[PDB]
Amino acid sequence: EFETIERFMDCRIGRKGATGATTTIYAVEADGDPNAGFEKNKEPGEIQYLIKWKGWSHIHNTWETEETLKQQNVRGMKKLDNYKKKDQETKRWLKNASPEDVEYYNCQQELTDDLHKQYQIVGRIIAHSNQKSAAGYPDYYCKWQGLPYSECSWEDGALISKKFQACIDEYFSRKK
């Protein structure tokens, strides 16, 4: 019925309207980053968030504003309050911080950042649909890098060939 929020993945200041379906990685690749030429300079922006939608997989992460979360009558809005609360607590005990703490925080906080971006490439395909679409695509059973095998999904076969045809090739070639 209504969307739900599972995790808040990152935060950012970005172009006004760089929120919504058009901000997923496979739209930005197939269409273009609405948030393209942004230095935070040259252009006033907005606080946008990176949402991991309940039900859907880490590839459908879209960026939204507080407004669009409310405008979309989405569930999980308390999660929005906590993410903002613990962000203020984290900025607090890093204002009085030795330079080597900022070294740690920025080194670390950037490892999790990669690890998160890897949750979107497909580690191996595992199955496919009997049914095909009008356009002639099965749907695929993807395993995602970093995420365990219980983080697998039935993914659009038209969708994943655009970036992982090679992973589709090796599924079929490990039969004959």
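Rigid core: the largest C-alpha set superposing within 1.5 Å between the two forms. Note that residue numbering begins at 1 and tracks the sequence as displayed.
Between 135-143 and 114-122, the larger mean CA deviation from the shown form in 4 other deposited structures of this protein, after core superposition, belongs to 135-143. In a rigid core superposition of the other structures in 4 other deposited structures of this protein, 43-51 and 24-32 differ in how far their CA atoms stray, and the farther one is 43-51. Relative to its counterpart among 25-33 and 40-48, 40-48 has the higher mean temperature factor, C-alpha atoms as listed in the PDB entry.
As recorded in the PDB entry, 97-105 is the stretch of 97-105 and 77-85 with the greater mean C-alpha temperature factor. Per the deposited record, 135 carries the highest C-alpha B-factor of all listed residues (135, 69, 121, 142). Per-chain ranking of the deposited C-alpha B factor places residue 114 in the highest third. Sort the chain's modelled residues by C-alpha temperature factor and residue 158 lands in the highest third, per the entry. When the modelled residues of the chain are ordered by C-alpha B-factor, residue 13 sits in the middle third.
Ranked against the other modelled residues of its chain, the C-alpha B-factor of residue 167 as given in the entry falls in the middle third.
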